Amino acid sequence: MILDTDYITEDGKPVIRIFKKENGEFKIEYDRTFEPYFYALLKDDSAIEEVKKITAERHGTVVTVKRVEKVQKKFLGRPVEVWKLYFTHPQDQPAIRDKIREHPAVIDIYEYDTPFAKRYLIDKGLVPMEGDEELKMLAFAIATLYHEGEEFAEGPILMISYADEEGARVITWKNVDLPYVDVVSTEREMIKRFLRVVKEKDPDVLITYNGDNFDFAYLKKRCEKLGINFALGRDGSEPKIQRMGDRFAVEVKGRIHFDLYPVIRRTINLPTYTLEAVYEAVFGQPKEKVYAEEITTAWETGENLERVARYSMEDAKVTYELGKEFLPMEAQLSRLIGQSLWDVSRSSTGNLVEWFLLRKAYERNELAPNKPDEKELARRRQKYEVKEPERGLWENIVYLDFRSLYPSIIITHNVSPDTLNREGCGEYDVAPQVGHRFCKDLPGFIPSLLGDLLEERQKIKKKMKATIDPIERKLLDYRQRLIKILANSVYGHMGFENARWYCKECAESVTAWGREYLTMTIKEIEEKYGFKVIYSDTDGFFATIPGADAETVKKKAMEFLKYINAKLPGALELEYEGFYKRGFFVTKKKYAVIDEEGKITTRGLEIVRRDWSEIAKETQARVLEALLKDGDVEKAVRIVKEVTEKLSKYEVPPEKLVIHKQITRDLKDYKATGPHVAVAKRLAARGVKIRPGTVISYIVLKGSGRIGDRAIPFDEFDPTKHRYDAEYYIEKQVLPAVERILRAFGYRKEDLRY
DNA sequence: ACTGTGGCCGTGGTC
DNA sequence: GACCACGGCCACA
Ligand SMILES: [Mg+2]
Ligand SMILES: [Mg+2]
Ligand SMILES: [Mg+2]
Ligand SMILES: [Mg+2]
């Protein structure tokens with residue numbers, strides 16, 4: 001199994017290293033014969049000699065074209081003759097590529113900015129993370145001594161914690177009597193102890209959380225201060241800082257630094273991304289947070305240091321658990337993209353798509369088109385630009401959707417930049433409305449690879465059902481799901497402004513075909529099957545037979561699938577997603593349906609909005625049940641009049657009136673002072689410490705004037721000298737919760753209260 | 001350019 | 001009345 005590749009330099013020449021793990025053994029393969037290159041397209045094939053003589057300067061040396069060779073690659077669908085230019089060293093290219101491009105006889109240059117070690121992976125057809133190899137993993141965290149006004153890492157590192165399958169431990173230079181704590185003399189001997197542990201365990205993977213920006217940079221600054229060779233690399237090197245945009249990232253040679261933060265940040269969407277919040281979201285169990293000022297106070301007074309020891313241990317432990325949870329998916333992703341786990345764990349699929357396409361382009365000898373320049377990226381920028389669902393309560397609803405609508409469209413009509421308006425074909429498909437014509441004589445680049453992807457995904461869903469190993473099944477699943485994402489990302493790439501295979505005509509052709517096939521499918525189910533489509537968005541629809549039992553709907557639906565799938569061209573295929581006993585649809589992307597087993601599902605309808613109070617969420621839930629499990633609209637509206645009256649009589653437990661709002665920043669950085677902010681500023685003066693991330697649990701008291709002036713914290717609430725604002729919780733919590741739901745039923749806000 | 005972007009919204013509060 | 005800061009949805013894996 002290939003972990004990664006880099007290169008070093010021996011006497012000015014590049015030496016590819018290939019870090020590998022085979023049969024549980026770590027190996028470094030050296031390749032001293034791989035040559036950097038890029039392509040050039042010339043006005044006349046005779047001007048090659050003058051191009052060979054183009055020189056530049058890097059450092060105190062002359063940059064020369066080592067050698068050239070004439071090759072034939074596909075470009076815009078047809079074979080072309082281009083000159084493959086070779087050089088001595090990777091770093092030669094950025095110094096001479098502009099001189100070759102500025103040459104008059106050179107029309108353009110291609111594939112000139114490919115990182116040398118990633119180029120090696122593609123040309124040699126190597127795939128990271130492929131094989132059986134069980135990777136050894138170890139996670140680690142640090143706890144430091146902060147003081148406001150100090151430079152970064154000016155204070156020492158207090159504790160270092162690690163965690164693996166053998167447990168979680170902490171190393172520190174103050175005596176803490178706990179069985180998972182090892183005590184050393186100094187911060188120096190602590191960092192040295194950590195280095196020994198890592199060398200001893202020899203992990204393939206080091207897992208951090210924000211290690212790219214905090215942990216390694218702190219360990220670095222302390223190691224330079226204390227003169228420690230922080231030789232975490234398997235080749236004796238120190239961790240290496242790479243800059244990815246304004247972002248910083250850290251690699252450890254021979255291992256994989258898996259920083260969880262960039263992976264979590266694009267897989268789940270949370271208000272803030274603390275380790276504790278992420279562990280909560282992923283595993284449901286809580287994690288206590290000890291703050292910088294608390295850790296500093298504890299270290300200085302020696303009090304409650306065991307609490308900081310447990311927090312350090314927990315940081316490591318949950319980071320190892322998060323690592324075991326999220327690495328296999330990312331490993332499958334890198335195997336699919338054909339790039340390193342280090343790389344794919346730090347980039348969005350919209351950008352990983354180009355690496356996948358670029359590998360496909362090499363596999364099929366297709367000259368990759370260049371990324372756009374500034375003027376071109378300007379012309380590609382275009383401004384952002386469906387019938388409202390049917391009102392009422394609907395019963396016996398089925399949802400039918402298209403299997404990979406946009407990918408199937410690309411494959412069925414051979415949509416691709418290299419097929420758009422290709423002259424001299426005998427068969428074209430014409431896109432509705434936008435009129436673009438795509439050749440059908442030869443398969444296109446994008447459709448051909450999208451076909452292999454969709455076919456692969458189908459094979460893997462079959463092998464999934466024929467696998468008893470739950471580990472193997474889970475990895476197959478990850479692969480199948482990522483394929484679906486990658487195919488859609490390939491469609492999206494065709495519309496991306498910075499995309500190499502950009503093609504606006506291809507993209508708007510695909511949406512045009514999508515609208516045509518969707519409206520067609522709806523017209524067929526209503527006209528020839530008596531269905532009524534209730535709701536539709538892009539690639540699926542809800543529908544039922546008006547006035548029909550459940551079985552008649554389900555059976556007649558499966559018949560429509562046989563009918564429409566036969567009528568549909570090519571890879572266009574409709575499928576059956578689910579049945580729903582009842583459901584109502586408010587507006588686009590806002591609806592509620594109930595599964596026969598009772599499980600209710602909702603689209604953006606607010607149900608966990610923490611912005612809201614328990615009294616409002618409760619009423620919303622009860623209204624949904626009376627609407628979907630009971631079908632009584634009047635029972636729902638009765639519930640609303642019951643709760644609004646119970647609030648007005650001060651008969652609702654104040655505990656259900658607490659509004660939990662998160663403070664996002666420092667109070668000094670708040671321009672508009674809202675109700676939770678006004679409580680936070682009031683608490684800060686009384687002596688409390690508020691900080692970015694604190695939660696304010698407040699209640700609104702009865703009064704005129706600003707809401708913030710009547711808001712007190714709930715632990716400050718006394719039911720005998722405080723009266724809550726019943727009108728506020730009626731008109732601005734419960735009624736706004738249920739108004740949009742019951743406006744689709746013709747009930748106006750004035751019909752829901754007292 | 002996922003300690004960022006894009007789209008839709010709403011509300012508390014100056015001025 | 002007019003406008004803004006600041007949050008909540010849905011995407012971006
Ligand atoms: Mg290029
Ligand atoms: Mg720690
Ligand atoms: Mg760092
Ligand atoms: Mg190539």
Side-chain angles (χ1 to χ4, degrees), chain A residues 209-210 212-214 243-249 259-274 278 326 329-330 332-334 336-337 344-354 356 377 381-386 478-479 481-493 495-499 537-538 586-591 602-612 616-617 659-667 669-680 692-693 696 698 700 705-711 725 728 731-733 735-737 739-740:
Chain A
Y209 190 88
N210 210 29
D212 280 340
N213 294 115
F214 182 75
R243 207 184 148 219
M244 300 173 318
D246 67 331
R247 316 268 159 253
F248 285 46
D259 186 354
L260 286 156
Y261 184 84
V263 177
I264 302 292
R265 180 72 187 82
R266 33 181 62 102
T267 46
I268 330 293
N269 55 321
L270 307 207
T272 58
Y273 286 95
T274 69
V278 173
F326 274 101
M329 185 200 42
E330 291 302 317
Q332 290 299 339
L333 174 63
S334 44
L336 203 48
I337 302 301
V344 312
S345 73
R346 289 174 174 80
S347 196
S348 296
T349 81
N351 311 317
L352 308 168
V353 151
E354 270 202 13
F356 167 86
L377 223 155
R381 266 192 286 92
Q382 142 180 315
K383 162 62 28 183
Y384 161 87
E385 303 287 69
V386 183
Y478 283 137
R479 186 166 172 98
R481 310 189 342 203
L482 291 170
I483 292 178
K484 178 163 175 241
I485 299 170
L486 179 57
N488 271 290
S489 289
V490 164
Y491 152 78
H493 176 88
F496 189 33
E497 49 171 4
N498 201 31
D537 180 62
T538 299
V586 198
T587 181
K588 295 298 303 146
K589 310 286 299 184
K590 254 255 204 178
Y591 60 78
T602 170
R603 179 59 66 247
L605 206 23
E606 301 128 324
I607 197 56
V608 80
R609 226 193 135 184
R610 184 47 74 108
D611 225 1
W612 296 21
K617 304 163 180 180
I659 297 154
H660 314 273
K661 289 226 51 149
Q662 216 182 232
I663 289 291
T664 65
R665 70 195 81 166
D666 320 280
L667 299 180
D669 297 315
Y670 259 122
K671 336 295 160 194
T673 304
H676 63 311
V677 170
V679 181
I696 302 317
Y698 72 104
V700 174
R706 282 178 308 201
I707 310 294
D709 296 59
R710 298 133 41 179
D725 201 301
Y728 171 81
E731 210 70 27
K732 276 182 163 35
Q733 288 276 328
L735 281 204
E739 195 216 355
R740 195 58 200 92

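In what follows, chains are A, B, ... by sequence order, proteins preceding strands, each numbered from 1. Computed from heavy atoms alone, side chains included, the values below leave out hydrogens, waters and symmetry copies.
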Round to the nearest Å and state the distance from A:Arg603 atom CZ to B:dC8 atom P. 20 Å

Please report the distance, rounded to the nearest Å, between CG in A:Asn351 and P in B:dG4. 17 Å

Checking all strands, does A:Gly708 fall into the base, sugar-phosphate, or nothing category for heavy-atom contacts under 4.0 angstrom? sugar-phosphate

Given that A:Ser348 and A:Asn269 both sit by DNA chain C, which one's nearest nucleotide is further toward the 5' end? A:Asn269

Output the single nucleotide from B:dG13, C:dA13, B:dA1 whose closest atom is nearest the side chain of A:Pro675. B:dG13

In whole Å, I'd like the distance from the CD atom of A:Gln382 to the P atom of B:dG6. 17 Å

Mind checking A:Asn498 for me? I need base, sugar-phosphate or nothing, with any heavy atom below 4.0 Å counting as a touch. base

In whole angstroms, how far is the P atom of C:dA11 from the CD atom of A:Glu385? 21 Å

Touch check for A:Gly350, heavy atoms < 4.0 angstrom, all strands: base, sugar-phosphate only, or nothing? sugar-phosphate

When we call it a touch if two heavy atoms are under 4.0 Å apart, what does A:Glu497 touch: a base, just sugar-phosphate, or nothing? nothing

With a 3.5 Å distance limit and no angle check, can you tell me whether A:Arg710 reaches the backbone of A:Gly705 through a side-chain donor-acceptor pair? yes

Round to the nearest Å and state the distance from A:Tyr670 atom OH to B:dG12 atom P. 16 Å

A:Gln733 CD - B:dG10 P separation (whole Å): 17 Å

Comparing nearest nucleotides in DNA chain C, the 5'-proximal residue of the pair A:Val677, A:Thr267 is A:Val677

Candidates C:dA5, C:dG7, B:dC2 - which lies nearest the side chain of A:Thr664: C:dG7

Per A:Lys732 side chain, nearest of listed nucleotides B:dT11, B:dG4, C:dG8: B:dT11

Gap between atom CZ of A:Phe248 and atom CG of A:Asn213 - 0.5 Å precision: 8.5 Å

A:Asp259 CG - B:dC2 P separation (whole Å): 14 Å

Which of these nucleotides, C:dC6, B:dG7, C:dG8, is closest to any side-chain atom of A:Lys671? C:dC6

Please determine whether the number of non-hydrogen atoms from other residues, nucleotides or ligands lying under 6.0 Å from atom CZ of A:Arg610 exceeds 12. no

For B:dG10, does the base pair up with any side-chain atom of A:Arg609 as donor and acceptor (N or O, under 3.5 Å, distance only)? no

Can you tell me if the side-chain N/O atoms of A:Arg665 get under 4.0 Å from OP1 or OP2 in C:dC6? yes

Of the options B:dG4, B:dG7, C:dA13, whose atoms approach the side-chain atoms of A:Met329 most closely? C:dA13

Nearest to the A:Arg265 side chain among C:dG7, B:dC2, B:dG7, which nucleotide is it? B:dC2

Just to be sure I understand the rule, does A:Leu333 reach a base, reach only the sugar-phosphate, or reach nothing, if contact means heavy atoms closer than 4.0 Å? base

Side-chain donor/acceptor of A:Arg266 to backbone N/O of A:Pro262, under 3.5 Å: yes

Could A:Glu606 and A:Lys590 be called an ion pair, given the rule that one side-chain N must be under 4.0 Å from one carboxylate O? yes

Find the partner of C:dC4: check Watson-Crick (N1-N3 plus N6-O4 or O6-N4) and G-U wobble (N1-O2, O6-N3) distances, both under 3.5 Å, and reply none if neither fits. B:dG12

Side-chain atoms of A:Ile707 come closest, of B:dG12, C:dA13, C:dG7, to B:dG12

Among B:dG7, B:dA1, C:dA13, the one nearest any side-chain atom of A:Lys383 is B:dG7

Gap between atoms CZ and P, on A:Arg346 and B:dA1 respectively (whole Å): 21 Å

Within this structure, what is the CD1-CG distance for the pair A:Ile264 and A:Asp259, rounded to the nearest 0.5 Å? 10.0 Å

Minimum-distance nucleotide to A:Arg706 side chain [options: C:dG7, B:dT14, B:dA1]: B:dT14

